[PDB]
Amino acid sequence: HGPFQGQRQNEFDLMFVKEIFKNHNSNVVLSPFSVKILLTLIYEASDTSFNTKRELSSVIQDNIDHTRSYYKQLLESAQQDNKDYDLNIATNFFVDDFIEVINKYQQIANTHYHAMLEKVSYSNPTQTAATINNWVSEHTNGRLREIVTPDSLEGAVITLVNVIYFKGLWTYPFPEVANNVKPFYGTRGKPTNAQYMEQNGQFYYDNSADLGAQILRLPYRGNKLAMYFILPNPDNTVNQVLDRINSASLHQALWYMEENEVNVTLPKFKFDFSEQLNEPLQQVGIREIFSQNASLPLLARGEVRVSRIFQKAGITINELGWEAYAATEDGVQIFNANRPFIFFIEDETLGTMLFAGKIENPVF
């Protein structure tokens, strides 16, 4: 198939990614597309969906039948059960026992958004925490084990939880080298060390003058997903490249990529990232759903609102792929990621930004 040739609907994704990155000096990984699913579930729960209505608008498509078929299509493309990779997006409302969940709402949540709702007693936060964390494990094959503590449930009535799980094999795996530690030149402070992997191959690549960054595409098996790496030039920082990234400028930067011989050096890393999404959503202007005027009348039989939104994701990158442990294996450009960089995972048939993140200090 090759890289995506259409126009991505990534305005919200990039706005939100930027807000998260600007508030963390660490490694980050999240699923921007999954945050849009969450917002659309909340939109479906509001009577407005026939000011909460206005903010949630780069996410809505704004007729409700088009919205559901859109998200349902993109979810099923990304998760499509297949032999080459495993991807699961899981979303649950954990609802206090006194709330009557409307059955037609459970129906649309499962049908179009691959989401569910579950009753808990928040008067027993220890029990509730355990229930939510066992759900996370069940739906990420144990890769993630916990997302909340009793203390993070204090005062909660409805908690909305999203996790994502991905296992994928590189189309072009790296050779395994036993001992390949080298320096890594982080943004702040003296250099660290990281374990690296290196290969030569044919990859879509450009040195973007517009963004001040090299861009590299490493595809996964299955003719659907690929990982993009944006490596700021040495004169530039991740934060400067980020300020240059927007829907149009990222569109053009990918547009300019073509297949080239590239020597690729990447650090290996493994981490998870969890975030309560209320504050960053409010920072990007999504405020009414957290206000005293928020309501969920199409979800909860009548006033209640979402208390807290949580998202977590794990990432493991090595020679074989993403969470991969077994496999089957001169004008060269040099892409040597020994400085911080940005990455994302895209459904190349539709443009979906399934994962986004940055590496500030790679630890494996």
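The first residue of the sequence shown is number 1, and the count goes up from there.
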Query raised in the report: In this entry, is the chain continuous from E329 to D330, or are deposited residues missing in between (none, 1 to 3, 4 to 9, 10 or more)?
Result: 4 to 9
Query raised in the report: According to the PDB entry, how many deposited residues between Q61 and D62 are absent from the model (none, 1 to 3, 4 to 9, 10 or more)?
Result: 1 to 3
Query raised in the report: Would 284-292 or 257-265 have the larger average of its C-alpha temperature factors, as given in the entry?
Result: 284-292
Query raised in the report: 120-128 versus 178-186: which one carries the higher mean Cα B factor per the record?
Result: 120-128
Report summary line: When the entry's CA B-factors for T111, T171, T91, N88 are compared, the highest one belongs to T111
Query raised in the report: Out of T149, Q195, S247, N236, which one has a C-alpha B factor higher than all the others in the entry?
Result: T149
Query raised in the report: Of the three thirds of its chain by CA temperature factor, lowest, middle or highest, which one includes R68?
Result: middle
Query raised in the report: Going by the entry, which third of its chain does the Cα temperature factor of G142 land in?
Result: highest
Report summary line: Quick tally, chain-level thirds of C-alpha B-factors: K224 sits in the middle
Query raised in the report: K83's Cα B-factor: lowest, middle or highest third of the chain?
Result: highest
Requested in this report: Using the B-factor values recorded in the entry, state whether the Cα atom of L38 falls in the lowest, middle or highest third among the modelled residues of its chain.
Outcome: lowest
